[PDB]
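Coordinates from data.cif are shown below (mmCIF, C-alpha atoms).
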```cif
data_run
loop_
_atom_site.label_atom_id
_atom_site.label_comp_id
_atom_site.auth_asym_id
_atom_site.auth_seq_id
_atom_site.Cartn_x
_atom_site.Cartn_y
_atom_site.Cartn_z
CA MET A 1 0.00 0.00 0.00
CA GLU A 2 1.43 3.52 -0.32
CA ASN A 3 2.59 3.88 3.29
CA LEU A 4 3.94 0.36 3.22
CA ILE A 5 6.02 0.98 0.09
CA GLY A 6 7.37 4.28 1.43
CA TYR A 7 8.54 2.83 4.75
CA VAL A 8 10.12 -0.20 3.06
CA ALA A 9 11.87 2.22 0.71
CA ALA A 10 12.93 4.25 3.74
CA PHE A 11 14.21 1.09 5.41
CA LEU A 12 16.22 -0.07 2.37
CA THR A 13 17.78 3.34 1.76
CA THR A 14 18.86 3.93 5.37
CA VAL A 15 20.08 0.43 6.27
CA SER A 16 22.37 0.45 3.20
CA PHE A 17 24.39 3.04 5.15
CA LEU A 18 24.40 0.75 8.21
CA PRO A 19 27.46 -1.36 7.32
CA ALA A 20 29.51 1.82 6.97
CA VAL A 21 28.63 3.22 10.41
CA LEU A 22 29.48 -0.14 12.00
CA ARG A 23 33.00 -0.14 10.56
CA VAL A 24 33.60 3.51 11.51
CA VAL A 25 32.46 3.01 15.13
CA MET A 26 34.42 -0.25 15.38
CA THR A 27 37.46 -0.59 17.64
CA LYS A 28 40.29 -1.12 15.18
CA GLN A 29 43.81 -2.54 15.38
CA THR A 30 46.17 -0.43 13.34
CA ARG A 31 45.66 3.19 14.15
CA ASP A 32 49.35 3.94 13.60
CA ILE A 33 50.71 0.60 12.33
CA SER A 34 50.04 2.37 8.99
CA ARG A 35 51.89 5.24 10.73
CA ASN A 36 54.56 2.79 11.93
CA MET A 37 55.28 1.82 8.33
CA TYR A 38 56.15 5.44 7.66
CA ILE A 39 58.32 5.67 10.76
CA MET A 40 60.16 2.48 9.84
CA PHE A 41 60.60 3.69 6.28
CA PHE A 42 61.79 7.03 7.67
CA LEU A 43 64.52 5.25 9.64
CA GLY A 44 65.39 3.37 6.47
CA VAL A 45 65.99 6.46 4.33
CA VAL A 46 68.18 7.90 7.10
CA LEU A 47 70.45 4.85 7.00
CA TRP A 48 70.27 4.86 3.21
CA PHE A 49 71.41 8.47 3.33
CA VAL A 50 74.31 7.73 5.68
CA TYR A 51 75.11 4.84 3.37
CA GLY A 52 75.04 7.16 0.38
CA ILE A 53 77.31 9.61 2.17
CA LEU A 54 79.93 7.02 3.18
CA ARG A 55 80.27 5.84 -0.41
CA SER A 56 80.01 9.31 -1.94
CA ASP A 57 77.17 8.00 -4.08
CA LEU A 58 75.18 11.05 -5.15
CA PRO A 59 72.38 9.27 -7.06
CA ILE A 60 71.62 7.29 -3.90
CA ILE A 61 71.83 10.49 -1.86
CA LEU A 62 69.62 12.55 -4.18
CA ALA A 63 67.00 9.81 -4.39
CA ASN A 64 66.83 9.57 -0.61
CA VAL A 65 66.59 13.35 -0.20
CA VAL A 66 63.54 13.26 -2.46
CA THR A 67 62.27 10.15 -0.69
CA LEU A 68 62.81 11.90 2.65
CA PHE A 69 60.60 14.74 1.44
CA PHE A 70 57.89 12.30 0.38
CA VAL A 71 57.72 10.34 3.61
CA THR A 72 57.88 13.56 5.67
CA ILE A 73 55.00 15.13 3.71
CA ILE A 74 52.91 11.97 4.08
CA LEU A 75 53.94 11.64 7.72
CA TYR A 76 52.88 15.22 8.35
CA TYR A 77 49.43 14.65 6.88
CA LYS A 78 48.92 11.46 8.88
CA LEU A 79 49.81 13.26 12.11
CA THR A 80 47.73 16.30 11.00
CA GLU A 81 44.43 14.45 10.48
CA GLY A 82 42.50 14.14 13.72
CA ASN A 83 40.63 11.01 14.77
CA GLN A 84 37.70 11.48 12.36
CA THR A 85 37.11 9.91 8.94
CA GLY A 86 36.06 13.34 7.66
CA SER A 87 34.80 12.06 4.31
CA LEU A 88 32.18 9.68 2.92
CA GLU A 89 35.07 7.95 1.13
CA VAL A 90 34.56 5.00 3.50
CA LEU A 91 31.18 4.29 1.89
CA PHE A 92 32.54 3.65 -1.54
CA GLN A 93 36.14 2.51 -1.50
CA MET B 1 78.46 8.03 -17.60
CA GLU B 2 76.79 5.49 -15.22
CA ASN B 3 76.10 8.18 -12.58
CA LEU B 4 73.77 9.25 -15.34
CA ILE B 5 72.35 5.72 -15.07
CA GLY B 6 72.12 6.35 -11.34
CA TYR B 7 70.26 9.64 -11.83
CA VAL B 8 67.82 8.22 -14.36
CA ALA B 9 67.22 5.26 -12.06
CA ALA B 10 66.82 7.61 -9.09
CA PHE B 11 64.54 9.82 -11.15
CA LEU B 12 62.31 6.99 -12.33
CA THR B 13 62.00 5.32 -8.93
CA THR B 14 61.06 8.41 -6.91
CA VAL B 15 58.85 10.28 -9.38
CA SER B 16 56.81 7.12 -9.99
CA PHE B 17 55.63 7.60 -6.41
CA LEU B 18 54.84 11.29 -7.02
CA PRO B 19 51.13 10.82 -7.91
CA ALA B 20 50.70 8.88 -4.66
CA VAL B 21 52.14 11.76 -2.62
CA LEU B 22 49.74 14.14 -4.38
CA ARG B 23 46.69 12.02 -3.45
CA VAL B 24 47.78 12.05 0.20
CA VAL B 25 47.96 15.84 -0.02
CA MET B 26 44.58 15.96 -1.74
CA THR B 27 42.89 14.18 1.19
CA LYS B 28 42.73 17.50 3.04
CA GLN B 29 40.99 19.34 0.22
CA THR B 30 38.34 16.60 0.22
CA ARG B 31 37.69 16.95 3.93
CA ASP B 32 37.04 20.63 3.35
CA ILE B 33 34.67 19.74 0.52
CA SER B 34 32.99 17.13 2.68
CA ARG B 35 32.38 19.62 5.49
CA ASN B 36 30.71 21.92 2.93
CA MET B 37 28.80 18.92 1.62
CA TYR B 38 27.58 17.97 5.09
CA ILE B 39 26.27 21.49 5.69
CA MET B 40 24.66 21.24 2.27
CA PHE B 41 23.15 17.84 3.06
CA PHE B 42 22.00 19.06 6.48
CA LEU B 43 20.06 22.01 5.06
CA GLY B 44 18.47 19.69 2.53
CA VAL B 45 17.13 17.43 5.28
CA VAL B 46 15.48 20.23 7.29
CA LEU B 47 13.67 21.36 4.13
CA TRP B 48 12.72 17.73 3.49
CA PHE B 49 11.41 17.67 7.05
CA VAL B 50 9.35 20.79 6.42
CA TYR B 51 8.30 19.33 3.07
CA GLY B 52 7.31 16.02 4.62
CA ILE B 53 4.97 17.66 7.13
CA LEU B 54 3.21 19.74 4.49
CA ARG B 55 2.65 16.69 2.29
CA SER B 56 1.98 14.38 5.24
CA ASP B 57 4.91 12.23 4.12
CA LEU B 58 6.44 10.53 7.17
CA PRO B 59 8.67 8.06 5.23
CA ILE B 60 10.44 10.98 3.56
CA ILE B 61 11.06 12.59 6.93
CA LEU B 62 12.20 9.35 8.57
CA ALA B 63 14.53 8.39 5.74
CA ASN B 64 16.37 11.72 5.58
CA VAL B 65 16.74 12.26 9.36
CA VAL B 66 18.01 8.70 9.93
CA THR B 67 20.35 9.04 6.94
CA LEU B 68 21.55 12.32 8.47
CA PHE B 69 22.24 10.51 11.73
CA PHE B 70 24.39 7.91 10.01
CA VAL B 71 26.28 10.39 7.83
CA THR B 72 27.00 12.47 10.94
CA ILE B 73 28.30 9.35 12.66
CA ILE B 74 30.47 8.37 9.70
CA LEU B 75 31.96 11.83 9.16
CA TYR B 76 32.61 12.85 12.75
CA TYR B 77 32.71 9.85 15.06
CA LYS B 78 35.99 10.14 16.92
CA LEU B 79 37.76 6.85 16.34
CA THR B 80 38.41 4.81 19.50
CA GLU B 81 41.66 4.55 21.50
#
```

Take the structure in the file and give it back as C-alpha cells.
Amino acid sequence: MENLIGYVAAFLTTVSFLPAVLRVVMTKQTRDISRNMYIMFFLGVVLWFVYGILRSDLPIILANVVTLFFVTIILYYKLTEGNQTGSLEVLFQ
Amino acid sequence: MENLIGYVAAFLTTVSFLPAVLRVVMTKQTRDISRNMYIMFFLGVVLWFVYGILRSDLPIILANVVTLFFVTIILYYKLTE
C-alpha cells in the first residue's frame, strides 16, 4: 500500500548506510601501524642516506633526499588528520 | 656516464611515487569539501522535514533524518583509542 512501500523504501535506503557506520564506530587494530610503516621507512631512508654519504654515491643520496621529502610530507598529513574519517570515502572505497 | 644511469634510475623510482604523494595531499581538500557537503546535506534534510509535514509524508522525513544521523556518525565519530 502507499505507506507500506514508502517505509520499506525508507528502510532499504537507510540500512544500506548501516554497514559503513558499524566499521567507523568499530574498535580497530592499526591506528598507527600504517603510521609505523612510515616511521620504519623514515629510519630506512636515514640509514640509506648515511650509506650514500659514506660511499660518496650522489644518485643514492639525491633519491633519498627526495624520498625523505615524500615520507615527511605523508607523515605530516597522517599526524595532521585528527581522529575522524572526515569524508564519505569510506562508503565507496 | 653510469652516474647518469644512477640519476635516471633515481629519477624513475622516486617520481613514480609522485602521484601517490599528491593524493595524500589531496585528502585535506576533500575533507574541506565534505564539510561543505555535510552542511549542504543538512540544510536539505530540514527542508525535506518541512516538506514532509506539508505533504503528510512521514517516510520521507524518517529516511532523511536517519540518513543524516548515520552520515553524521560516519563523518565525525571520533575513532576509538

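Residues from chain A that have an atom within 7 Å of chain B, counting all atoms listed in the file, are residues 6, 7, 10, 14, 17, 21, 24, 25, 27, 59, 63, 67, 70, 74, 83, 84, 85, 86, 87 and 88 of chain A.
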
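Taking atom CA of residue B:16 and atom CA of residue A:45 as the two end points, the separation is 17.0 Å.
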
query = Any idea what the distance is between atom CA of residue A:29 and atom CA of residue A:78?
reply =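 If I compute the distance from atom CA of residue A:29 to atom CA of residue A:78, I get 16.3 Å.
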
message = Using Å and a single decimal, report how far atom CA of residue B:56 sits from atom CA of residue B:40.
response =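 Separating atom CA of residue B:40 from atom CA of residue B:56 is a distance of 23.9 Å.
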
key: Top pick for closest residue to residue A:38, considering A:92, A:72, A:18, A:80 and counting only C-alpha atoms   =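 For residue A:38, the nearest of the candidates is A:72.
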
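Minimum atom-to-atom distances from A:90, A:68, A:60, A:12 to residue A:42 were compared using only C-alpha atoms, and the lowest value belongs to A:68.
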